[PDB]
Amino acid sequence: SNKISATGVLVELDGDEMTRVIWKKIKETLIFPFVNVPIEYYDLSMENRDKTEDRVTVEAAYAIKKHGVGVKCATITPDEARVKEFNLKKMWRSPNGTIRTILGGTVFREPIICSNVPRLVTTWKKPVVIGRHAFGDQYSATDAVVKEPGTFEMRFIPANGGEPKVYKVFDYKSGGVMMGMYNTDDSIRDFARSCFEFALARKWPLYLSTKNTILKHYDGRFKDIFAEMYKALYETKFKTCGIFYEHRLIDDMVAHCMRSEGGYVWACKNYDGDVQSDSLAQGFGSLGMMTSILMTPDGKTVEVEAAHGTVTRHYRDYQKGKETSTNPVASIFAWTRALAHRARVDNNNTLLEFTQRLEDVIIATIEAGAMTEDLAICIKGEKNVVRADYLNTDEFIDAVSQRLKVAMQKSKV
């Protein structure tokens, strides 16, 4: 027992506005005093990204790839309002798009549950983790309105000599609408891999949802590639570990989500993931009670972040000297979930114990009535909430620092 000292290192992406502020409080108060982790720092503030012609962002991604883990603070993505504000050379791409592109992989969203902060769904006791496919179906599609009266025909034209195959879709008298969409086995397969690695690392069962009763070929491909991946590479490791993989109908699975206790990973196609993730987010509680984790298809590499933005509104108050009650636990959990993968890879059970301890201590802090404004709101209603009911960001972080201390001291020699 001394500062922990992991073998491998963590890649830290600093961000902007309110999250950078609390990110600093989190490091100084909750992490570095109790753990001795080697960091590789990269500053993804909007200033340094412009200054460097968005180069930090690329080198942050590659450093994540070499080290295997990265925590990442929320980051402003440029629009036209922000080019004027920050005086930007060009409208730089969203750092999340940039990093994902480079790393590849699939985002999984994990909520954080306390007993005293109720969910909107009375059955939910464990987390339901959605993993979204996120490489095109309707998101890479080609649509057009039909104004004339004509016929919609699909074609596949082999790259070799082979004969065209032509599909007669429909015949328009009055107007209408037409669409085409695609996916690739390479993307489906890599999605399945991330899901399987994710489920195995979390020791949770995995479900895939499709609508292969109606899209027999299109969704049947989804179902088949997952079944190929399971049998070949994962069934055994899953059985050993007390978990399983199952394909279900999207209809079945949204009812299962309503009905069930939770405790599973749920693989969703692009669209379903978009739609159902909003539903689940709402159901579980505040945006400050969920993290996003990108896992690569080999399962070796991981980027973790809070499932919210930089919370600009609360940054406008911080700048104007007002005290602020932004919920920090998504950010703190991003650090524990990051360090947990580090420890797991490195086989550093000591560090693992720290992440568990910290997460556990946060959950108790809230359960004893010490929480931020958003969470008081959930419990007591949008009104019945006075300043005394909640803590501000930093005195909340201090309240868990105090509770981490008690717990942190242990086995003193």
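One rule holds for the numbers: they count along the sequence shown, beginning at 1.
Averaged over CA atoms, B-factors in the entry run higher in 86 to 94 than in the other of 86 to 94 and 212 to 220. Judged by mean Cα B factor in the deposited record, 225 to 233 ranks above the other of 128 to 136 and 225 to 233. Per the PDB record, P158 has a higher Cα B-factor than any other of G273, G309, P158, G176. Annotation for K165: C-alpha temperature factor in the highest third relative to the rest of the modelled chain, per the entry. In the PDB entry, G285 places in the middle third of its chain by CA B-factor. Per the deposited record, the Cα B-factor of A81 falls in the highest third when ranked against the other modelled residues of its chain. Residue-level temperature factors show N327 in the middle third of its chain, judged at the C-alpha atom. Remark: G299 belongs to the middle third of its chain, ranked by C-alpha B-factor as recorded.
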